[PDB]
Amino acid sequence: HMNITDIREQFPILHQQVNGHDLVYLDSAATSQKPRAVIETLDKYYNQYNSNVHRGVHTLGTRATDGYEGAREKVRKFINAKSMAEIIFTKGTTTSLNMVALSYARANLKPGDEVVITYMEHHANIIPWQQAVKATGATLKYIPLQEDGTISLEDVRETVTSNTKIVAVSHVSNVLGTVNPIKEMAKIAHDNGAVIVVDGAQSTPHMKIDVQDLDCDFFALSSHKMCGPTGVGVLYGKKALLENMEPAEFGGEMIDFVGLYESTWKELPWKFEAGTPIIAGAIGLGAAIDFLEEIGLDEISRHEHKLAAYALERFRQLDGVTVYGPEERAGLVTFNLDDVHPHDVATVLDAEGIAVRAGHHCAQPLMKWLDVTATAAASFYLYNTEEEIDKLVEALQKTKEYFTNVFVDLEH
């Protein structure tokens, strides 16, 4: 029940040519495009009510504050948190995950404790844990993957022990398209006395998030992936855990009393927001949320399911293409052409107007698991169409034809 033509009309950037062809943007997992509602929200902020926030002593100051804290409430309702105290604005999912690793992990890990992650994790959800286990002499472990790149709950029960303090796992893999059984993993973590930390950078833009239903302890997302400004994200954490964490960063705005040598902190959420905050970006993230909610996340999810089933079908009609990951998936396809390096694939597609990704996708352990150096990836969003998937598979067909010809021509 969504109109794709009307949705595409709201995204100015879509209406242009690259190299003579109509742009075909299939790289939303790398970053999403913004509708006018979001860009005009930033314009209006800078044109009319920019001022510093949380003073409320002059009119613009009050309007800026109302917009910024108003956006916090919009985030709270968007992921179904209980309280704005549980919503911290950060620079992005990466920073959010680093805050947990710093303030939670490095304060609660002793030799013998385990942090458990998975082989499919983006680097954002790997490196902070490597550093934290190293600083504390704890142990890092990995939940194995099944043959189709999904996670077995039995493997989770086996990897997670009563020494596990943290489970950290992706909601949705940007590479495999896997949707992980987050809710069941939260119960397992909790049964062993662990917290679960969810990397929700790739789920939040594309499907309904309910932190009450997932019962996740921490949940991280990035504005830039969900039609919102760059430079902003959210750390959600259960209020009782956030209350016992020390700040990751220190400065003005996040203090209550400052003496010469000692300071006390503001209450949540401001405790974790040091310094002048990301005012225009958070307000534009609020606009992005109003925009996605007015279309409906279920509708968005339904659209992407239809794009992904269509793409999987049309890829299986191509000879000499491998697709990675399961059948039931988020709106993306990572793949390789036999004998064409994915970098060349992406380069040739760009000559056809088509924007994809090639490389390790910040998942180098997953690439080794897949037994490859690199792959190509197309990812979908609410502005993409089946016609665009046709152009993609038609271009892959011609790419295959072209590279096979060059080779035969170079058989001189």
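All residue numbers refer to positions in the sequence shown, first residue = 1.
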**Study point:** Higher-scoring stretch by recorded Cα B factor average, 34-42 or 367-375
**Key:** 367-375
Practice item. Would you mind comparing 199-207 and 134-142 for me and telling me which has the higher average C-alpha temperature factor in the entry? Key: 134-142
Practice item. Among 73, 86, 290, 327, single out the one with the highest C-alpha B factor in the record, please. Key: 327
Revision key, fill the gap. Scanning 52, 28, 347, 47 for peak Cα temperature factor in the entry gives 347
Practice item. Sorting the chain's modelled residues by C-alpha B-factor, tell me whether residue 319 ends up in the lowest, middle or highest third. Key: highest
Practice item. Ordered by C-alpha B-factor within the chain, which third holds residue 358? Give me lowest, middle or highest, please. Key: middle
Review point. Lowest, middle or highest third: where is residue 225 by Cα B-factor in its chain?
Key: lowest
Study note, to complete from the structure: Tertile call for residue 335 (CA temperature factor, within chain, third-based) is the middle
Practice item. Quick one: classify residue 305 as lowest, middle or highest third of the chain based on its Cα B-factor. Key: middle
